[PDB]
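Protein chains in written order, with PDB author numbering: chain C, 620 to 679; chain A, 2 to 679; chain B, 2 to 679.
Virtual Cβ for every residue (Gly too), placed ideally from N, Cα, C.
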């Protein structure tokens, strides 16, 4: 308690998917590396999330 | 045929040298006007001591309901008004403005008196003016209705509207009116006054009428009187130097003739829709009511490269205008009201032709016709800067001169060279050109319509002065102001700055103000009905200690993670010193303190008037709320199925343990009445 | 000695028949005034084409900062103003009022121009007036500053104040002034004008001065000019019928003589504290400035049983008033300004003696002394309603009649019988008597003080006209109003109702209008600084679905367990049909949607302008907020250490999935600036 929390989201890995059909939306599985820290700037609870992001232009 | 004059409660007519009213479209005389021998002193005396205390004894809500009742009673028998206005040479669409715009003015002033006026004889317009550090000396401005009469001297243009756009601020302001219509069309005015009087709605003495000259009315007016004028400048400037008006210092409001402009911008090219709506606006405004309205376009300002296109499109659109009898089909323009007005229009045209030019049928006007027909006239002035007769003389009909401009710098000067106008128009699609036009041309115009493609769909136009917009103009347009919403009812009142203690100002204003005495009577104020509430009925709520958990739960629930509430670091670097309670949570916990949970006369809330957060609320900082009644102002229960109610205002004063007023504000709240009226 | 006249940027003096200024307390002539041979057309031309566009190029915030700068520069060198005002025969307590009231008027108008006026050349006084169904045609009223001079013709009472209470609304209203002071005391006026001009604060042409008669000024005025008279009634009535004023129809505001009443109530008995403060108020107001102010009490209305008590107590208080030189000790009342003014006082005293009575030293006054002294005169009228000379003649000094009333019904008639007074006073403790007094006597008085024990602690009295209270009065007092706070700056402006589309009114007003176009530019509006916010910068927030759990959590957290939110039975029988979301939770979740969480230029909120909950929000009802910027209005950074900032107003439009507006309101916000100025 009283310990402030600041989060540093940053993009890590993009790795698009091939859009196996033509009806399916073009997308990619973008990985983000989350770096949470406090007022002393020490990294409490650093982790990494996967997250699906739609592409602008498809391929198939 | 006798055309009487409603004076001293009875319909009377004069006996002397009588003027007579000609029929406009045909030419025969079928009315006569005279007021010689009629006692004007007894008329003013009967008005002041019979209808002025009757109107002043009403509240503003009751006077607005009276205006609505007169509007409904005069809208019911509206067809005889068209039958009497067809004698003025106007068409059905031209008389539609004159009748229905005045009746809608009555409905609009009824709505304005019902929404923003109190349930009191008096009206406080301020909130509070603090004049002392301790708080025991303060002031506010009252508005008491004057104890005299309003002399309305109208023009021949709008009998119904022009009487009836002055009669609603006069009655709603609280004064009896004495209407002197112009003797060219007073039969429609007496039809209006008779439909008002033979309904039992208005008190006796609240309205009077003189069809003819006043004679001895202005020489008898007290200092509590006002005079409103509409007509020629030469008459009103001689009624401004009348010795009783300048001796007793009574307000003389004048609306003279103006040179209204319609400026075309440089951005408008003839392939755009702006050009066609420009031409349509000029043609409709010049042909509506045969050009006999005070807000009619009389100076068309175009660029130099667009002289031929405008001066051909106006001809191609105005040769379709058929000038004839209004009853026969296929007739757009009606006629003028008199042959004397036709001779006046033709001699003003002959003055304008001494230095101007000609594009169309101008000075050719048959003075021997059985009807006051004047053709639509488009003039031309090749040297507008070297011709003062264009910028000093109006031909009060279908006449409107055209003149070029030079790249939006000469156009503003030609729009301002009219000596002060009543109405104006810029037709552009560029907002910076409109900003530059209002920055210079609003000093001489009392109304400016910026017309473009988006505005031209649902616009009321240029010749219908709105009852909630200022119908005035400086200089040549008269100087006075009319129809300014609730600004027009302040010409019939006296503004008195009343000083004293706040507990005295609250009993004067019949509204609890800021620091008056309270009345706590052991039960909750939201449990009271409307009739048992009083301004000053207070409530001292229990306390609530603000904490860090309150800030956390409100920042979570609202979703407002602002840094002065949710950050320990940045709030220390801010002006507050530490993180504080949300102001909206102070508002919400205040409403949690004073609002009674049970079912009572309180229907809905729907309102919050003026919220100001003065000092910040911290954790460990208690909160106590002082709910007190402020303003009652019942509603008239427009139907019989609807519940009787009133919009009760509560001034809410929150404070901490140091008793300093954090978050003082004011809410509106609908409270149901016990007993109805309609 | 030449008392010059600041005309056309230079200090010029006249050549002709010259009046001269006497030293009031001793008798010698140490000035002489003339303005013959001075070109008034060139002075008006220099003002209109030099100082009028320099004022019209400034914003209202810049002109209020100019007022504050002139106020500080004139408060610094204020002791020479006391030295020049000691020549007027006034004491230190009278010259203190005369100087500090004008300088505090400048500070008050600087504060009112810095708080409620925009950072713009124009000022839109309305919010918006919708005039269509779809929302493409609306209007709002604009106030543009006039393009001419403001001829202020003052009186001999307050040179400093009476010049300087008209000059702050004139400069704040964007017009240059030409001051014609009275020739009895114009040396203090030229001291004021010289201290203004020799500072570099105001532009050249923004202020002028004429010592002596104007002669050819009123015959040259354009319709964009105003004339504000203050002085005798006959001179103002002769200037009202001046042919150029009635021909060009310029606004002529007059302030004339008045019979200011002071009514005593029936509840006041001599054992009460009301009697002592009544006698103290009458004596202090009658002896301040030796009765040479327009707000001085000249009639005292007492009850019939209290004639002897008041007529003894006033004499017992007034016999201790020493009439002498101000520089010698023990002297309370000073002297009049002229021996000619002493003769003009006594020739009215002799008219009041021709039908009244006498209590004290009346006409006993030496008309050949070495000083314009006049003893404090208390008259008496045993038949007040049968003597018209009491209610029509003012003796412009320490003279005030006394006259009885009958049970607060004759008292109202004697208060209203003055033909319209400038000010009035009721001294009661009963608030119903004050209510009945304001209900009848505020028709004739422009200002009424209700004085009791709570008011008299920090009251300004009766001879200190507040700069935010209306200094006027109908009828005999002139009819025109002054000092109405921001009502006084509107006399120096032209009110124009500008019509058009809301996207056009938004660029005309430089303020966002309800149906205008937006500027969404992909970054958050609270992240922008002040200099990169524009009126129209909008944010379309994401949606939040309201649910039953939202109603439950807000009713728990705030404590508002209202039956239309927390009861299934009672809300079914209400107007809503079922239990709805709290309005304050719609407000709170709206603020959770648009407020940026991070640290930025947004400092504090502290404000909410006008909250109206239109339609109810239910469970299962999405909510989307349209945060758009509306008004910018920077602050002048009063210290060099303080952060530069402005008060930015955001219009907030919340809506639902059907896109109908629920809970549209407006918030204020202090936003920090990127670049400072002071």
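- DSSP lists B/125, B/497 as the beta-bridge partner residues of residue 143 of chain B.
- For residue 569 of chain A, a Cβ of chain C is located within less than 7 Å of the residue's own Cβ.
- The residue among B/321, B/366, B/173 with its C-alpha nearest the C-alpha of residue 343 of chain B is B/366.
- Going by C-alpha positions, residue 402 of chain B is about 19 Å away from residue 278 of chain B.
- Nearest to residue 462 of chain A by alpha-carbon distance, out of B/170, B/139, B/246, is B/139.
- Across the set A/27, A/187, A/167, the C-alpha of A/27 shows the shortest separation from the C-alpha of residue 374 of chain A.
- Near chain A, meaning a CB-to-CB distance below 8 Å, the residues of the region 233 to 255 of chain B are 238, 241, 242, 247, 248, 249, 250, 251, 252, 255.
- Under DSSP, residue 668 of chain C forms a beta bridge with C/651.
- Around residue 593 of chain A, the same chain offers 545 as residues with beta carbons nearer than 8 Å, after the five sequence neighbours per side are excluded.
- If only uninterrupted beta strand (DSSP E) runs of at least 3 residues are considered, those enclosed by the region 401 to 431 of chain A are 425 to 428.
- Here DSSP, grouped into helix, strand and coil, assigns residue 382 of chain B to coil.
- Chain B has no Cβ within less than 7 Å of the Cβ of residue 548 of chain A.
- Nearest to residue 405 of chain A by C-alpha distance, out of A/399, A/415, A/396, is A/415.
- At a cut-off of 7 Å, the C-beta of residue 658 of chain C has a neighbouring C-beta in chain A.
- Spatial neighbours of residue 472 of chain B in its own chain (CB-CB distance under 6 Å, excluding positions within 5 residues in sequence) are listed in chain order as 466, 483, 484.
- Neighbours of residue 623 of chain C in chain A, taken as residues at a C-beta separation under 8 Å, are given in chain order as 568, 569, 570.
- With at least 16 other beta carbons inside 10 angstroms of its own, residue 44 of chain A counts as buried.
- A check of alpha carbon separations from residue 670 of chain A across A/529, A/8, A/477, A/231 identifies A/529 as the nearest.
- Here DSSP, grouped into helix, strand and coil, assigns residue 513 of chain A to coil.
- Boundaries for residue 675 of chain C: no beta strand (DSSP E) harbours it, and the DSSP string shows neither H nor E there.
- In this chain, the beta strand (DSSP E) harbouring residue 299 of chain B covers 298 to 304.
- Note on residue 98 of chain B: 16 or more other CB atoms within 10 angstroms of its CB, so buried under the neighbour-count rule.
- Cβ-Cβ separation between residue 275 of chain B and residue 428 of chain B: approximately 6 Å, consistent with a contact (criterion under 8 Å).
- Checking the DSSP bridge columns, you'll see residue 628 of chain A partnered with A/540, A/653.
- Across the set B/222, B/102, B/135, the C-alpha of B/222 shows the shortest separation from the C-alpha of residue 48 of chain B.
- Restricting attention to beta strand (DSSP E) runs no shorter than 3 residues, the region 291 to 376 of chain A encloses them at 298 to 304, ordered along the chain.
- The three-state reading of DSSP puts residue 240 of chain B in helix, counting H, G and I together.
- Taking 7 Å as the threshold, the shortest C-beta distance from residue 45 of chain A to chain B does not fall below it.
- Under the three-state reduction of DSSP, residue 67 of chain B is assigned to helix.
- Taking C-beta atoms under 8 Å as the contact rule, residue 55 of chain B and residue 207 of chain B qualify, at a distance of about 7 Å.
- Identification of chain B residues near residue 421 of chain A by a Cβ-Cβ cut-off of 7 Å yields 224, ordered along the chain.
- It is roughly 18 Å from the alpha-carbon of residue 455 of chain B to the alpha-carbon of residue 510 of chain A.
- Using a CB distance cut-off of 7 Å, residue 298 of chain B does not count as an interface residue toward chain A.
- Of the candidates B/655, B/584, B/624, B/668, B/668 places its Cα closest to the Cα of residue 612 of chain A.
- Residues of chain A with a Cβ closer than 8 Å to the Cβ of residue 599 of chain B are, in chain order, 564.
- With a minimum length of 4 residues, the unbroken runs of alpha helix (DSSP H) contained wholly in the region 544 to 595 of chain B fall at 549 to 559, 564 to 567, 569 to 573, 584 to 595.
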